[PDB]
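Asker: Sharing a structure here in structure tokens format.
Quick note: the coordinates plus some simple rules give every number you see, no bench work behind them. Cβ: placed from backbone, ideal geometry, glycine included. Neighbour counts: every protein chain shown.
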Amino acid sequence: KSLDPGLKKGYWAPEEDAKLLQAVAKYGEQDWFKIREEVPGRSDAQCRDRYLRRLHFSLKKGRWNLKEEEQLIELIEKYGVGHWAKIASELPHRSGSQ
DNA sequence: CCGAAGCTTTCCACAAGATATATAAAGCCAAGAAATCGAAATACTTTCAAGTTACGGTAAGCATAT
């Protein structure tokens with residue numbers, strides 16, 4: 001992911017909407033190294049997390065309403081702290097980075 | 001009549017030798033098969049590198065309420 005003349009460190013998504021999303025219909029959630037052979041300027045390490053955190057559907061999103069604090073309480077009540085402990089290994093897509 | 005120059009081989013002698021059984025106990029040497037075991041190569045288990053994906057850690061620059 002460094003010292004590579006073929007990678008691009010941009011911030012926006014130039015042609016990423018077509019180069020990266022086609023794999024959704026092409027390959028499964030495995031063998032990401034097959035994708036970088038066709039998409040230039042993108043590395044698999046960042047592409048995995050980009051795909052995951054961009055195409056996820058089940059996330060706690062929206063405005064902080066009068067019912068979300070109970071959701072946070074029941075989330076931190078499942079196993080413990082969750083953010084950095086080992087219990088994050090079983091949390092489905094509830095990684096600490098988010 | 002004085003002087004000068006030419007022991008290996010091939011056969012008779014016939015009295016011994018040679019090749020022949022025959023037990024017969026005894027161990028060994030000696031070549032041909034049958035059984036046995038050591039070296040190991042073409043294979044199987046496991047070890048060990050080597051890159052690689054699932055799973056996160058902090059941190060930085062932009063949207064919007066007060």
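Asker: Along Cα→Cβ, 7 Å out, is where each label goes; now give me the distance between the ones at A:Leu21 and A:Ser95 in nm to one decimal.
Answerer: It works out to 2.1 nm between the two label points.
Asker: Grab the Cα-Cα distance for A:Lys34 and A:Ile76, subtract it from 0.36 nm times how many residues apart they are, and report the gain in nm with one decimal.
Answerer: Extra length available between A:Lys34 and A:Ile76 comes to 11.3 nm.
Asker: When a/c reaches 1.5 or more, the comparison of a/b and b/c decides; with that in mind, is chain A rounded, prolate or oblate per its Cα gyration tensor?
Answerer: prolate
Asker: Can I ask one more? Using only Cα atoms and rounding to the nearest 10 degrees, what angle (0 to 90) does helix A:44-55 make with the longest principal axis of chain A?
Answerer: In chain A, helix A:44-55 runs at an angle near 50 degrees to the longest axis.
Asker: Another question, then. Once you charge only the Cβ atoms, +1 for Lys and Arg and -1 for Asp and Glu, what is the size of the charge dipole of the stretch A:42-98 about its Cα centre, to the nearest 20 debye?
Answerer: With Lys and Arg at +1 and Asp and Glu at -1, about 400 debye.
Asker: Quick check for you: which residues of the stretch A:70-98 have the amide N under 20 Å from the point 7 Å beyond the Cα of A:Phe57 toward its beta carbon?
Answerer: A:92-95
Asker: How big is the dipole moment of chain A about its Cα centre under a simple scheme where the beta carbon of each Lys and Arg is +1, that of each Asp and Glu is -1, and everything else is neutral? Debye, nearest 20, please.
Answerer: So the magnitude is around 200 debye.
Asker: In deg cm²/dmol, rounded to 500, what helix-only [θ] at 222 nm does chain A give when every DSSP H run of at least 4 residues adds -39500 (n - 2.57) and the total is split over its residues?
Answerer: Taking each H run of at least 4 residues, the total per residue is -8000 deg cm²/dmol.
Asker: With a point put 7 Å past each Cα toward its Cβ, work out how far A:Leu66 is from A:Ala45 in nm, to one decimal.
Answerer: Taking the simple label geometry, A:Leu66 and A:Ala45 are separated by 4.8 nm.
Asker: Please list, in order along the stretch A:69-76, the HN-Hα scalar couplings obtained from phi with the Karplus expression 6.51 cos²θ - 1.76 cosθ + 1.60 (θ = phi - 60°), rounded to whole Hz, x for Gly and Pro.
Answerer: Taking θ as phi minus 60°, the curve returns 5, 5, 5, 5, 5, 5, 6, 7 Hz for the stretch A:69-76.
Asker: What's the extension gain from A:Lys86 to A:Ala13 if we count 0.36 nm per residue and subtract their Cα-Cα distance?
Answerer: Between A:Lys86 and A:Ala13, full extension yields an extra 22.9 nm.
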